[PDB]
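Let me begin by presenting the structure, written as structure tokens, before commenting on it.
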Amino acid sequence: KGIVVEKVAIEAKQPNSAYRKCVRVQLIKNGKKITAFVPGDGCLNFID
Amino acid sequence: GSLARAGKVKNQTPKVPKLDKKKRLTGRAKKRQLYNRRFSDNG
Amino acid sequence: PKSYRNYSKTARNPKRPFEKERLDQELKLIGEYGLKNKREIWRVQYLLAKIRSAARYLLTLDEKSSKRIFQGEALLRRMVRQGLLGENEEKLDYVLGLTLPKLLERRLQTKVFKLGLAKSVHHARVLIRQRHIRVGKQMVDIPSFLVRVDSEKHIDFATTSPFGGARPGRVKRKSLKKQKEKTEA
Amino acid sequence: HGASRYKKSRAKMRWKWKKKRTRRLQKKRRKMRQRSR
RNA sequence: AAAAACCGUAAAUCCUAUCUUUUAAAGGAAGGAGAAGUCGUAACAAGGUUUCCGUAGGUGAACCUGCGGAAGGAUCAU
RNA sequence: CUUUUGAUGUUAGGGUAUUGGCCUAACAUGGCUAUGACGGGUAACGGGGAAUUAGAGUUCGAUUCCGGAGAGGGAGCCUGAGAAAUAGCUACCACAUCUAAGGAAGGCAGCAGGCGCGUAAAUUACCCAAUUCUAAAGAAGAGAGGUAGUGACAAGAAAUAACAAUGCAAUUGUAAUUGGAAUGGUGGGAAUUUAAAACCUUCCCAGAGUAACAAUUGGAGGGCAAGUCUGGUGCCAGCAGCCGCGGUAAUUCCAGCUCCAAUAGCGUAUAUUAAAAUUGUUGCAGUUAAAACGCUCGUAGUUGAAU
Ligand SMILES: [Mg+2]
Ligand SMILES: [Mg+2]
Ligand SMILES: [Mg+2]
Ligand SMILES: [Mg+2]
Ligand SMILES: [Mg+2]
Ligand SMILES: [Mg+2]
Ligand SMILES: [Mg+2]
Ligand SMILES: [Mg+2]
Ligand SMILES: [Mg+2]
Ligand SMILES: [Mg+2]
Ligand SMILES: [Mg+2]
Ligand SMILES: [Mg+2]
Ligand SMILES: [Mg+2]
Ligand SMILES: [Mg+2]
Ligand SMILES: [Mg+2]
Ligand SMILES: [Mg+2]
Ligand SMILES: [Mg+2]
Ligand SMILES: [Mg+2]
Ligand SMILES: [Mg+2]
């Protein structure tokens with residue numbers, strides 16, 4: 001479990017072309033920061 | 001950047017309601033129907 | 001503490017989920033004996049595999065050995081009592097020739113269908129589930145009941161069933177009611 | 001990376017010159033670590 | 001009975017000495033990924049000076065030159 | 001490595017329930033080790049056992065039984081046949097309660113229950129009727145133990161129709177229409193069960209037709225069973241474990257229809273076993289794919305003609 005810190009977009013690898021939607025999270029357990037993918041067509045605007 | 005395009009096509013597609021009832025068989029009767037359709041009428 | 005009663009499984013999965021020939025053969029068998037899932041086929045396969053494993057292990061063992069004599073006589077008696085071997089093939093080598101249709105022929109459903117007494121195998125399954133069938137003065141309502149040799153001549157309708165000499169059901173009595181008040185007024 | 005060093009089937013930079021570059025770098029590192037001791 | 005002394009069994013606190021784990025930082029210097037960047041053309045053909053090994057010097061860069069070795073050579077041969 | 005401060009032995013005593021460097025005095029220089037001592041790590045309590053495997057193996061075991069250890073952390077002690085006991089006592093370290101401020105009381109890793117921690121776990125219920133234990137031993141007591149409540153951890157059985165007639169492509173079959181039987185699920189009342197608690201079983205009454213008493217979760221290019229069907233989007237939005245799809249013809253995105261798989265169950269994440277003869281004793285490879293030490297001698301080890 002973690003608290004959302006930022007929303008970002010990531011490039012795809014070379015032969016493909018798209019902008020993938022992710023969030024940056026700070027973990028409650030130990031305070032570390034990770035990056036996580038948000039699956040779904042428009043699921044990013046479910047997140048504040 | 002441009003992350004305001006999220007959920008474009010999902011909001012673009014026009015909505016359509018589904019069909020009415022067409023209830024289906026469940027369990028042993030369904031297997032009976034499959035057996036009859038796949039084997040009985042073929043010879 | 002934890003309870004001392006135990007439990008075990010009865011089936012197994014095919015390890016290869018989309019093989020065409022196995023799937024067609026299973027549908028053959030299901031439609032022939034009127035079953036519900038692949039689980040019934042798999043449980044019969046499990047039982048047969050255990051039997052065959054015991055037979056193989058005994059057959060490797062020395063002829064005229066004590067363990068062979070005791071366990072082989074026990075297993076052959078069990079098989080002949082179940083109705084799977086016969087009379088002239090009790091030799092511990094005819095056990096390895098037992099197929100799936102052999103065992104799957106002893107279910108109460110197949111027996112009730114084959115002994116007249118029901119128009120179809122599906123009709124047979126429906127009647128068993130509605131408390132219409134006895135096996136020797138004991139009423140049974142489970143279609144996977146496997147019938148033994150000395151019990152196949154006592155299959156019959158139940159004494160508490162409208163098909164075996166009792167009062168009629170909830171529909172006949174209501175029709176007779178309504179007819180009575182129609183004809184008395 | 002033993003005898004398979006200097007193996008050339010792909011058009012890379014020559015092995016002994018890369019060896020020389022690494023040795024120069026290591027000499028610099030050793031001098032700068034000694035200066036703090 | 002209270003109370004003292006001594007040899008023992010000894011919680012605890014402090015001062016030093018090592019050790020293990022985690023961690024801050026001016027500055028220095030590697031690797032991986034990306035973008036249409038600037039400079040040359042070292043390798044692949046005898047790649048236009050055949051390539052490569054150990055060692056030692058030098059130069060913006062890839063690299064060049066001396067000494068000894070190999071063919072995985074461009075020679076199975078006078 | 002151990003040995004000034006007991007490390008290895010001998011002599012004499014002390015002490016204990018008894019043997020003993022267990023302790024004290026005198027004496028001697030011993031003891032262990034590449035067949036791994038002395039150290040470090042363990043997200044290590046040990047077994048009986050568990051999972052998966054043709055045979056070998058690999059990985060788990062806090063947790064029903066047995067053995068060990070502990071009661072916030074250490075040390076000391078009384079009673080007693082049995083304790084270094086903690087719902088016994090005495091101090092120190094930490095934490096914390098009541099107060100008239102002089103003082104007095106504390107230990108849920110026992111059963112329930114609360115906070116915190118986190119991905120992660122139930123009722124502040126009834127009873128001594130059964131199994132057993134203690135006593136001044138029928139008769140008292142027991143959160144030992146049993147009974148129920150919550151509970152898709154795991155395991156077993158098993159509904160969601162069946163039949164006939166008439167039509168209809170081929171005796172079938174059923175995208176259909178008719179019409180009567182058979183049944184539980186459900187509501188009420190009993191016989192029972194039980195410390196006249198509730199399940200389960202068995203009877204009586206009522207009670208199915210869109211039997212609305214209406215099955216889901218994932219998929220349809222290949223691996224891998226199943227659509228060259230319609231509408232929208234246009235390297236965007238998105239999908240995809242892997243190869244890949246997406247610029248007007250998208251079998252892969254978003255929807256509708258239809259099909260496929262398993263089915264009261266079905267997906268996702270992490271770990272582990274087979275697959276792996278990709279750890280090889282059975283049973284791998286070493287010219288060029290990863291890999292014969294530059295060469296010889298040599299101790300330990302492994303292996304050695306016939307009678
Ligand atoms: Mg090689
Ligand atoms: Mg050249
Ligand atoms: Mg002494
Ligand atoms: Mg254990
Ligand atoms: Mg125990
Ligand atoms: Mg505690
Ligand atoms: Mg104590
Ligand atoms: Mg205490
Ligand atoms: Mg307590
Ligand atoms: Mg508790
Ligand atoms: Mg749970
Ligand atoms: Mg009692
Ligand atoms: Mg008395
Ligand atoms: Mg689709
Ligand atoms: Mg494995
Ligand atoms: Mg293996
Ligand atoms: Mg194998
Ligand atoms: Mg190999
Ligand atoms: Mg050599």
Side-chain angles (χ1 to χ4, degrees), chain A residues 1 11-21 28-29 39-43, chain B residues 2 5-34 36-37 39-43, chain C residues 1-11 13 15-20 23-24 36-40 43 56 118-120 122-127 129-132 141-145 160-163 168-172 174-175, chain D residues 1-17 19-22 25 28-29 32-33 36:
Chain A
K1 269 182 201 171
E11 294 318 333
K13 293 283 204 72
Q14 177 54 240
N16 281 334
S17 164
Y19 296 84
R20 304 282 152 81
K21 273 73 175 178
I28 299 166
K29 169 148 77 169
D41 189 345
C43 292
Chain B
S2 179
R5 273 176 288 161
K8 186 170 82 71
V9 293
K10 187 186 201 61
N11 305 327
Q12 268 204 276
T13 58
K15 201 96 173 181
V16 63
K18 297 169 73 72
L19 206 79
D20 54 8
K21 279 84 185 171
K22 190 62 179 175
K23 191 187 73 177
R24 306 200 173 242
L25 303 172
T26 61
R28 184 262 303 159
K30 179 204 188 155
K31 295 292 178 189
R32 172 189 219 182
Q33 187 169 244
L34 279 185
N36 284 342
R37 283 205 288 86
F39 295 121
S40 296
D41 53 359
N42 305 350
Chain C
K2 323 207 200 182
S3 81
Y4 285 99
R5 198 191 302 273
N6 53 318
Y7 49 90
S8 301
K9 300 171 149 98
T10 47
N13 288 319
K15 164 97 181 82
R16 189 175 278 259
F18 299 116
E19 185 182 348
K20 199 54 158 313
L23 191 60
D24 291 331
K36 183 180 204 274
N37 319 306
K38 311 297 182 101
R39 198 182 197 268
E40 316 209 317
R43 83 163 74 153
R56 287 189 52 205
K119 289 203 165 184
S120 176
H122 305 261
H123 190 223
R125 197 183 181 118
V126 173
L127 263 63
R129 204 72 201 141
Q130 295 172 356
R131 310 160 70 80
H132 289 306
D141 61 292
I142 284 149
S144 45
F145 188 97
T160 57
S161 169
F163 301 126
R170 82 177 73 173
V171 189
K172 288 293 293 295
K174 200 212 271 187
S175 293
Chain D
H1 42 281
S4 296
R5 93 208 183 269
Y6 76 75
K7 185 192 192 147
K8 189 170 274 193
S9 63
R10 208 175 63 249
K12 51 168 70 74
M13 185 196 158
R14 193 176 173 182
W15 153 250
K16 52 161 56 175
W17 306 148
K19 201 194 204 186
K20 204 184 186 91
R21 193 143 92 176
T22 299
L25 191 59
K28 298 291 180 68
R29 284 182 178 136
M32 184 177 177
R33 260 202 81 174
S36 178

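Excluded from the calculations below are hydrogen atoms, water molecules and symmetry mates; all remaining heavy atoms, backbone and side chain alike, are included. Naming: A, B, ... by sequence-line order, numbering from 1 per chain.
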**Q.** Residues which pass ring-ring contact (aromatic ring centres under 6.0 Å, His included) with C:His123, listed by chain and number, not counting sequence neighbours
**A.** none
Q. Counting a pair only when it is Watson-Crick or G-U and both distances are under 3.5 Å, which runs of at least 3 such pairs involve RNA chain E?
A. E:50-58 with E:63-71
Q: Do nucleotides 180-194 of chain F as a string where each nucleotide becomes B, S or -: B if the base has a protein heavy atom under 4.0 Å, S if just the sugar-phosphate does, - if no protein is that close.
A: -SBBB----------
Q | For C:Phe163, all residues meeting ring-ring contact (aromatic ring centres under 6.0 Å, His included), sequence neighbours excluded | A | C:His132
(Q) Applying ring-ring contact (aromatic ring centres under 6.0 Å, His included), can you list everything that pairs with B:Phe39, at least two apart in sequence or on another chain? (A) B:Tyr35
Q) Can you give one letter per nucleotide of nucleotides 259-265 of chain F, 5' to 3': B if a protein heavy atom sits under 4.0 Å from the base, S if only from the sugar-phosphate, - if neither? A) -SSSBS-
**Q.** Any B:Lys18 side-chain nitrogen or oxygen under 4.0 Å from OP1 or OP2 of F:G256
**A.** yes
Which atom pairs, one a donor and one an acceptor, fall under 3.5 Å between side chains of residues 10-27 of chain B and the rest of the protein, sequence neighbours left out?
{"residue": "B:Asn11", "atom": "ND2", "partner": "B:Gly7", "partner atom": "O", "Å": "2.7"}
{"residue": "B:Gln12", "atom": "OE1", "partner": "B:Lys8", "partner atom": "NZ", "Å": "3.1"}
{"residue": "B:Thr13", "atom": "OG1", "partner": "B:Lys10", "partner atom": "O", "Å": "3.3"}

Q) For RNA chain E, what residues of residues 3-11 of chain C have any heavy atom nearer than 4.0 Å? A) none
Q: Kindly write out the residues that satisfy salt bridge (charged side-chain N to carboxylate O under 4.0 Å, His left out) with C:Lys38, not counting sequence neighbours, or none if the list is empty.
A: C:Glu26
Q: Name all residues meeting the side chain to side chain donor-acceptor pair (under 3.5 Å) criterion together with B:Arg5; count only those two or more places apart in sequence or in a different chain, and write none if there are none.
A: B:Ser2
(Q) Suppose we screen for salt bridge (charged side-chain N to carboxylate O under 4.0 Å, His left out). Which residues come up paired with C:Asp141, at least two apart in sequence or across chains? (A) C:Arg129
Q: Treat primed atoms plus P, OP1 and OP2 as sugar-phosphate and everything else as base, then score nucleotides 26-43 of chain E 5' to 3': B for base contact with protein heavy atoms under 4.0 Å, S for sugar-phosphate contact only, - for none.
A: -BSSS----S-------B
Q | Nearest-neighbour nucleotide for the D:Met13 side chain, E:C63, F:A157, F:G145 considered | A | E:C63
